[PDB]
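Before any comments, here is the structure.
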Amino acid sequence: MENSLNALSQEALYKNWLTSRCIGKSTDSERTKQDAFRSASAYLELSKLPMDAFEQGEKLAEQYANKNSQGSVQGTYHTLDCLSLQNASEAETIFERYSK
Amino acid sequence: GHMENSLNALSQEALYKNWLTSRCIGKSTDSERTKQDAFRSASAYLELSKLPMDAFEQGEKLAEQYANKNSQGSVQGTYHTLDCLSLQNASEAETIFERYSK
């Protein structure tokens, strides 16, 4: 696990941290929330980014947790909102600001 | 409409990987609400995929096995969220994708 995590780029660790945080902040389930948050903590430990990437990323993760996208078909799409952080330009611009 | 407008610029591979992760989240969670959310999400990605259905029957297997991976972290508890996100960078996800695109 330590092995697979060490294979990830810094951009991937960050995106995974963002998605994980968003899942935890959106989910109804305390079980799932603490799974999501434990998972976010694992990515965070390996990041070489400074703390402000994560203070700014947390607000983005929360904004995506609350986006409440509606699709054709009634119901929540939080999983989709949270996964969109894998490829969202807002996530990439915070990452770019703090990585070089 | 706007959701698909928003997914239409995503690559076929990124659509497939998000479907995988979404299925994996749904299968691993013990909350029926999180499960239905994840499954509804998965279907949105499915809708824009041009892959044959064999890619999704093979991918479902992969997703359920990642949902049952049960990695242990340095803290006590499940890491299903991390196991499902690992499908975004898994060799297997990419090779299955390639096998059914061309």
Side-chain angles (χ1 to χ4, degrees), chain A residues 1 3-24 26 32 35-36 39-40 42-43 61 64 67 69 71 77-92 95, chain B residues 3-29 34-35 37-69 71 79-102:
Chain A
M1 183 202 218
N3 274 355
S4 39
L5 295 179
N6 283 336
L8 294 179
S9 64
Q10 296 297 312
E11 194 161 6
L13 290 177
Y14 190 58
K15 285 163 161 196
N16 287 354
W17 184 80
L18 291 168
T19 296
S20 303
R21 294 295 299 169
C22 176
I23 287 169
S26 57
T32 295
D35 178 301
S39 298
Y43 296 119
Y64 273 73
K67 195 183 184 187
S69 292
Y77 282 82
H78 298 304
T79 303
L80 181 151
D81 288 331
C82 292
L83 277 179
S84 80
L85 291 167
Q86 293 286 316
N87 296 291
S89 56
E90 206 163 348
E92 297 170 348
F95 177 77
Chain B
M3 184 174 292
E4 297 80 19
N5 291 354
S6 189
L7 294 171
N8 264 247
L10 261 199
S11 75
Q12 291 291 298
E13 185 177 356
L15 290 165
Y16 188 67
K17 283 178 170 187
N18 289 349
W19 184 85
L20 293 174
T21 298
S22 289
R23 293 293 299 164
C24 174
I25 288 164
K27 281 296 175 176
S28 55
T29 190
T34 298
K35 194 176 299 298
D37 177 307
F39 287 175
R40 276 189 298 275
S41 300
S43 285
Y45 297 126
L46 175 64
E47 195 150 296
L48 295 149
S49 182
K50 289 126 71 65
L51 291 168
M53 185 89 82
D54 283 340
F56 294 97
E57 52 169 33
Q58 294 303 130
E60 181 60 22
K61 295 190 219 289
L62 181 60
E64 285 186 18
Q65 84 201 289
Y66 272 63
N68 288 289
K69 206 152 188 40
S71 298
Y79 287 70
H80 297 321
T81 299
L82 179 150
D83 284 338
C84 301
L85 284 166
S86 64
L87 290 155
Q88 302 277 316
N89 293 286
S91 175
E92 285 163 278
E94 167 155 300
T95 88
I96 290 174
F97 177 68
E98 293 166 345
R99 163 70 182 76
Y100 297 101
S101 14
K102 266 219 191 183

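We use all heavy atoms of the structure for the numbers below, so side chains are in, but hydrogens, waters and symmetry mates are not. Below, chain A is the first sequence line, B the second, and so on; all start at residue 1.
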*asked:* I'd like to check the side-chain contact (heavy atoms from CB on, under 4.5 Å) partners of B:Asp37; sequence neighbours left out, ordered by chain and number.
replied: A:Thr76, A:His78, A:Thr79, B:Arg40, B:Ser41
_Distance check, rounded to the nearest 0.5 Å: B:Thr34 atom OG1 versus B:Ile25 atom CD1?_
9.0 Å
*asked:* Before you tell me yes or no, could you show the steps for A:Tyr64 and A:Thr19 under side-chain contact (heavy atoms from CB on, under 4.5 Å), namely the whole-Å CA-CA distance, both residues' side-chain angles and the distance that decides it to 0.1 Å?
replied: CA-CA 9 Å; A:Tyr64 273 73; A:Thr19 296; over 6 Å; no
*Go through the steps to decide whether B:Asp83 and B:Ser28 satisfy the test side-chain contact (heavy atoms from CB on, under 4.5 Å), and finish with yes or no.*
CA-CA 10 Å; B:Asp83 284 338; B:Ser28 55; over 6 Å; no
*Considering all heavy atoms of both residues, which atom of A:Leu83 and which atom of B:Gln88 are nearest to each other, and what is their separation?*
CD2-NE2, 4.3 Å
_Nearest 0.5 Å, please: how far is CG in B:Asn89 from OG in A:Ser9?_
7.0 Å
*Does the side-chain contact (heavy atoms from CB on, under 4.5 Å) test come out yes or no for A:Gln10 and A:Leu13, once each step is laid out?*
CA-CA 5 Å; A:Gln10 296 297 312; A:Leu13 290 177; 4.0 Å; yes
_Closest non-hydrogen atom pair, B:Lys35 against B:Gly26_ = NZ-O, 2.7 Å
*State which residues pass side-chain contact (heavy atoms from CB on, under 4.5 Å) with A:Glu92; sequence neighbours excluded, sorted by chain then number.*
A:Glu11, A:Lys15, A:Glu96
_Are the side chains of B:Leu7 and B:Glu47 in contact, using a 4.5 Å heavy-atom criterion?_
no
*Pairwise distance OH(B:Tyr100) to CG(B:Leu51) - rounded to 0.5 angstrom*: 10.5 Å
*How close do B:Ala44 and A:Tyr77 get, heavy atom to heavy atom, and via which atoms?*
CB-CE2, 4.4 Å
*Which value, rounded to the nearest 0.5 Å, describes the distance between A:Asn16 atom CG and A:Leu8 atom CG?*
6.0 Å
*Show your working on side-chain contact (heavy atoms from CB on, under 4.5 Å) between B:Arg99 and B:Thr95 and close with a plain yes or no.*
CA-CA 6 Å; B:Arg99 163 70 182 76; B:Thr95 88; over 6 Å; no
*Working to the nearest 0.5 Å, report the span between OG of A:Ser84 and NZ of A:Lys67.*
5.0 Å
*Taking side chain as C-beta onward, heavy atoms only, is B:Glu60 less than 4.5 Å from B:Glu57?*
no
*Over 60° means perpendicular and under 30° means parallel, so classify the ring planes of B:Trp19 and B:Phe56, tilted if in between.*
perpendicular
_Between CZ on residue A:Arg21 and OH on residue A:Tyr43, distance to nearest 0.5 Å_ = 13.5 Å
